[PDB]
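Enquirer: The structure that follows is given in the form of structure tokens.
2 protein chains.
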Amino acid sequence: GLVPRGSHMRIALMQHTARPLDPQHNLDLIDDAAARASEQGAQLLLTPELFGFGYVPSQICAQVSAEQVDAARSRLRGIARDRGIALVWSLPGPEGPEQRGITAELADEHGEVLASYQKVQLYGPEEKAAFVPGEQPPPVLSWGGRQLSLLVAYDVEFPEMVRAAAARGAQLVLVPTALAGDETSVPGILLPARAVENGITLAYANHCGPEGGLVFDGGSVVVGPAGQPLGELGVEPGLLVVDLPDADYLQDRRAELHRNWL
Amino acid sequence: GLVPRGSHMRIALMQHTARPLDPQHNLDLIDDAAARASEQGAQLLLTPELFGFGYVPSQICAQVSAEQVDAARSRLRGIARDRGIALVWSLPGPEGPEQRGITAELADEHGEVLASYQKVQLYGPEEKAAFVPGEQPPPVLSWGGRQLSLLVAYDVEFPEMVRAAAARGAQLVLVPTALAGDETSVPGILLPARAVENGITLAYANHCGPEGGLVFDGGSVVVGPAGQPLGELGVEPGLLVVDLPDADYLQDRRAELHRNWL
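Chains as they are written, first to last, in our numbering: chain A, 1 to 262; chain B, 263 to 524.
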């Protein structure tokens, strides 16, 4: 609807199927979503993990070169500046195939990448074979009047990863994801706890339907600091649009003790 | 009912109102609960935080001496050995009033204390004025064929505290608590995440009804590793009895990185 009074940030999340190894089709879908999100007044569009090439880790490692990653990356920058919308996407990192990670990047509405992050917690043996884990804490930056951060898929399942962002000041954590296997407890149990336990909002954007030998769950969601969904999708494809309204665990937490007990 | 085949551990949780500064009445209630739990075949009874004296931090600090704490502690050991049931209780620690913490202790069915723990995360200014925070990680010990640990009330709200126990091998974490103010997200959102994110079972035993200027929530619950309640109470007093049946976050977690990012 109209932008509500008492809200200054309209976000969108793209939930859709990708086609393995078909970046032209996949980036056309993000372009379409970016257009529609912008026409609904969204200032940022969040897209799923590895959407550009599909969620196919071993094939990305075997058959997707750095040049082809770089090409898709340029095309996404163009979509951001071509549709006038901040964009969060996830592709492989920019190094060679056996040296790169899974990444998430944020570009502004002009087409300039402001933040990049490499997924620290890789999920399972195919992902661990195809990609190098990140070694750096999540970035936090001012955008749209709040502190944004990025994390990718399995990361958000570790309370330590979300705490790491929130400890650096994150207020909205944007998470591209690719979750299959009807794992309802990630969005239904963990996500809401991550928001409550840090007093933050998290946006989680998944694939949905059949892709690369799996069937993705959908279940894309924005969860606010009380742990309730501000908006959510089911299994069907969709563009979720949500307006963000304008115990102190972060201070109380005895970090000194808890850093040595992990 | 009868002990089910495929279960070798029957636990009980006491949810009730305590009377401030009346340990004779309060310990009679734990004694009754310990009898009834034992007659239902439970091997352990979990009781709420500071039940013995009621949840009245400033009055405990002002008016409850170490001798009176020690007296209640002896009486609880006697209940364990008098009713033939392992008992988890929470009283003030044994030092002087301005030196002691909030503690939880486990005694076996014979009347011998096997573990003690001092609450690390104190909740709010009255608790922080009345008690000294603990400095030690939660204990873990074999009992009844699994690894047990202890945490108290606000502790379990920090994913770091539960991780600390689970990292030392805890499989069942027993938590006396005192939660008021209709804070439904502790048992409804955090508790289930703590179980899922560590692949453990947690038992949480609260006060209920009016006590010491507050009205306690009840909501006592046992949550297993999939995050579902094995059993739960509402607001009314009760003795919850439950039989425990007989992603690898604990291994995958990059602790080295996450210890420096907190």
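Just so it is clear, CB atoms sit at the ideal spot from N, CA and C, and this is done for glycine as well.
Just verifying my parser: in three-state terms, what is the DSSP assignment at residue 473/B?
Expert: Indexing the second sequence from 1 puts residue 473/B at position 211. Residue 473/B: strand per DSSP, three-state reduction.
Enquirer: Would you kindly report the start and end of the unbroken beta strand (DSSP E) that includes residue 505/B?
Expert: The residue you call residue 505/B lines up with position 243 of the second sequence. 500-507 is the span of the beta strand (DSSP E), which, as asked, contains residue 505/B.
Enquirer: Rounding to the nearest angstrom, what Cα-Cα distance links residue 154/A and residue 372/B in this structure?
Expert: By 1-based counting over the first sequence, the position of residue 154/A is 154. By 1-based counting over the second sequence, the position of residue 372/B is 110. So the alpha carbons of these two residues sit roughly 45 Å apart.
Enquirer: Answer with yes or no whether the minimum CB distance from residue 261/A to chain B is below 7 Å.
Expert: Translated into positions along the first sequence, residue 261/A becomes position 261. Judged by the 7 Å Cβ criterion, residue 261/A is in contact with chain B.
Enquirer: Taking the straight line between their C-alpha atoms, what separation do you get for residue 79/A and residue 477/B?
Expert: Mapped onto the first sequence, residue 79/A falls at position 79. Mapped onto the second sequence, residue 477/B falls at position 215. So the two alpha carbons sit approximately 55 Å from each other.
Enquirer: Write down every uninterrupted run of the beta strand (DSSP E) in the region 117-186 of chain A whose length is 3 residues or greater and which is fully enclosed by it, in chain order.
Expert: Listed in chain order, the complete beta strand (DSSP E) runs (minimum 3 residues) inside the region 117-186 of chain A are 140-143, 146-150, 172-176.
Enquirer: Between residue 16/A and the rest of its own chain, which residues show a CB-CB distance below 6 Å, the 5 nearest in sequence each way excluded?
Expert: Within the first sequence, residue 16/A is the residue found at index 16, counting from 1. For residue 16/A, where only same-chain residues beyond five positions count, the Cβ hits under 6 Å are 29, 237.
Enquirer: With distances taken Cα to Cα, identify the nearest neighbour of residue 122/A among 25/A, 142/A, 2/A, 151/A.
Expert: Translated into positions along the first sequence, residue 122/A becomes position 122. Comparing Cα-Cα distances from residue 122/A to each of 25/A, 142/A, 2/A, 151/A, the minimum goes to 151/A.
Enquirer: Can you tell me the Cα-Cα spacing of residue 251/A and residue 395/B, whole angstroms?
Expert: Taking the first residue of the first sequence as 1, we reach residue 251/A at position 251. Taking the first residue of the second sequence as 1, we reach residue 395/B at position 133. Looking at the two C-alpha atoms, the distance is approximately 15 Å.
Enquirer: Measuring CB to CB, does residue 77/A end up less than 7 Å from residue 43/A?
Expert: Stepping through the first sequence from its first residue, residue 77/A is reached at position 77. Stepping through the first sequence from its first residue, residue 43/A is reached at position 43. No, these two residues do not count as a Cβ contact at 7 Å.
Enquirer: Using a Cβ-Cβ cut-off of less than 7 Å, give me the residues of the region 185-217 of chain A that come near chain B, in sequence order.
Expert: Those residues of the region 185-217 of chain A that come within reach of chain B (Cβ to Cβ, closer than 7 Å) are 185, 189, 190, 192, 193, 196, 197.
Enquirer: If you measure beta-carbon to beta-carbon, which residues of the region 370-395 of chain B are closer than 9 Å to chain A?
Expert: Of all residues in the region 370-395 of chain B, 382, 383, 384, 385, 386, 395 have a Cβ within less than 9 Å of some Cβ in chain A.
Enquirer: For residue 454/B, report the span of its alpha helix (DSSP H) as first-last.
Expert: Residue 454/B sits at position 192 when you count from the first residue of the second sequence. Element bounds for residue 454/B: 453-460.
Enquirer: Under the three-state reduction of DSSP, which class applies to residue 217/A: helix, strand or coil?
Expert: On the first sequence, residue 217/A is found 217 positions in, with the first residue counted as 1. The answer is strand: DSSP assigns residue 217/A an E or B state.
Enquirer: Can you look up residue 347/B in the DSSP assignment and give me helix, strand or coil?
Expert: Position 85 of the second sequence holds residue 347/B. Residue 347/B: coil per DSSP, three-state reduction.
Enquirer: Could you work out which residue in 369/B, 422/B, 421/B, 393/B is closest to residue 404/B when comparing CA atoms only?
Expert: Numbered from 1 along the second sequence, position 142 holds the residue referred to as residue 404/B. Of the listed residues, the one whose Cα sits closest to residue 404/B is 369/B.
Enquirer: Just the Cα atoms here: how many angstroms apart are residue 333/B and residue 380/B?
Expert: As a first step, residue 333/B must be located in the second sequence, where it is residue number 71. As a first step, residue 380/B must be located in the second sequence, where it is residue number 118. Distance between the alpha carbons of residue 333/B and residue 380/B is about 19 Å.
Enquirer: Can we say the region 181-199 of chain A touches the region 217-229 of chain A, given the rule of at least three CB pairs closer than 8 Å?
Expert: Contact between the region 181-199 of chain A and the region 217-229 of chain A is present, because at least three Cβ pairs lie under 8 Å.
Enquirer: Relative to the C-alpha of residue 288/B, which residue among 309/B, 303/B, 519/B is closest?
Expert: By 1-based counting over the second sequence, the position of residue 288/B is 26. With distances taken between Cα atoms, residue 288/B lies closest to 309/B.
Enquirer: Quick one: Cα of residue 521/B to Cα of residue 362/B, how far?
Expert: On the second sequence, residue 521/B is found 259 positions in, with the first residue counted as 1. On the second sequence, residue 362/B is found 100 positions in, with the first residue counted as 1. The alpha-carbon atoms of residue 521/B and residue 362/B are separated by roughly 29 Å.
Enquirer: Determine the contact status of residue 176/A and residue 130/A, defining contact as a CB-CB distance below 7 Å.
Expert: On the first sequence, position 176 is the one that residue 176/A refers to. On the first sequence, position 130 is the one that residue 130/A refers to. No.
Enquirer: For a test of the three-state rule: what should DSSP assign to residue 40/A, helix, strand or coil?
Expert: Translated into positions along the first sequence, residue 40/A becomes position 40. Of the three classes helix, strand and coil, the one that applies to residue 40/A here is coil, per DSSP.
Enquirer: Are the Cβ atoms of residue 45/A and residue 102/A separated by less than 7 Å?
Expert: Within the first sequence, the letter at position 45 stands for residue 45/A. Within the first sequence, the letter at position 102 stands for residue 102/A. Not a contact, by the Cβ cut-off of 7 Å.
Enquirer: Listed from N- to C-terminal order along the chain, which residues in the region 482-494 of chain B have their beta-carbon within a distance smaller than 8 Å of any beta-carbon of chain A?
Expert: Against chain A - using a Cβ distance shorter than 8 Å - the residues of the region 482-494 of chain B are 488, 489.
Enquirer: Assuming the contact rule is C-beta atoms closer than 8 Å, residue 160/A and residue 515/B should be a hit. Round their C-beta distance to whole Å, please.
Expert: Against the first sequence, residue 160/A aligns to sequence position 160. Against the second sequence, residue 515/B aligns to sequence position 253. That pair is a contact at about 7 Å.
Enquirer: Can you list, in chain order, the residues of the region 420-450 of chain B whose Cβ is nearer than 8 Å to any Cβ on chain A?
Expert: Answer set for the region 420-450 of chain B: 420, 421, 422, 423, 425, 426, 429, 447.
Enquirer: By the 10 Å Cβ neighbour count, where 16 or more other Cβ atoms means buried, how is residue 2/A classified, buried or exposed?
Expert: Sequence index remark: in the first sequence, residue 2/A carries index 2 (1-based). Looking at its Cβ environment, which holds fewer than 16 other Cβ atoms inside 10 Å, residue 2/A is exposed.
Enquirer: Looking at the structure shown, is residue 77/A part of a helix, part of a strand, or coil, going by DSSP?
Expert: Counting from one through the first sequence, the residue named residue 77/A turns up at place 77. Three-state result, residue 77/A: helix.
Enquirer: For residue 104/A, decide whether its Cβ has a neighbour in chain B, counting only Cβ atoms nearer than 7 Å.
Expert: Translated into positions along the first sequence, residue 104/A becomes position 104. So, not an interface residue.
Enquirer: The region 508-522 of chain B: which residues have C-beta closer than 8 Å to a C-beta of chain A, in chain order?
Expert: Correct list: 509, 511, 514, 515, 516, 517, 519, 520, 521, 522.
Enquirer: Return the CA-CA distance between residue 39/A and residue 67/A, expressed in angstroms with no decimal places.
Expert: Here residue 39/A corresponds to residue number 39 of the first sequence, with the count starting at 1. Here residue 67/A corresponds to residue number 67 of the first sequence, with the count starting at 1. Each residue's alpha carbon lies about 32 Å from the other.
Enquirer: Please confirm if residue 137/A has its CB atom under 7 Å from at least one CB of chain B.
Expert: Within the first sequence, the letter at position 137 stands for residue 137/A. Judged by the 7 Å Cβ criterion, residue 137/A is in contact with chain B.
Enquirer: Do you know offhand how far residue 429/B's Cα is from residue 511/B's?
Expert: Counted from its first residue, the second sequence places residue 429/B at position 167. Counted from its first residue, the second sequence places residue 511/B at position 249. The alpha-carbon atoms of residue 429/B and residue 511/B are separated by roughly 10 Å.
Enquirer: Please state whether the Cβ-Cβ distance between residue 313/B and residue 326/B is less than 7 Å.
Expert: Working through the second sequence from its first residue, we reach residue 313/B at position 51. Working through the second sequence from its first residue, we reach residue 326/B at position 64. Going by C-beta atoms, residue 313/B is not nearer than 7 Å to residue 326/B.
Enquirer: Is residue 34/A near the ligand ADP, with its Cβ less than 6 Å from a heavy atom?
Expert: The ligand ADP is absent from the structure shown, which contains no ligands of any kind.
Enquirer: With DSSP as the reference, label residue 317/B as helix, strand or coil.
Expert: Counting from 1 along the second sequence, the entry for residue 317/B is found at position 55. In the structure shown, residue 317/B sits in coil (DSSP, three-state: anything other than H, G, I, E or B).
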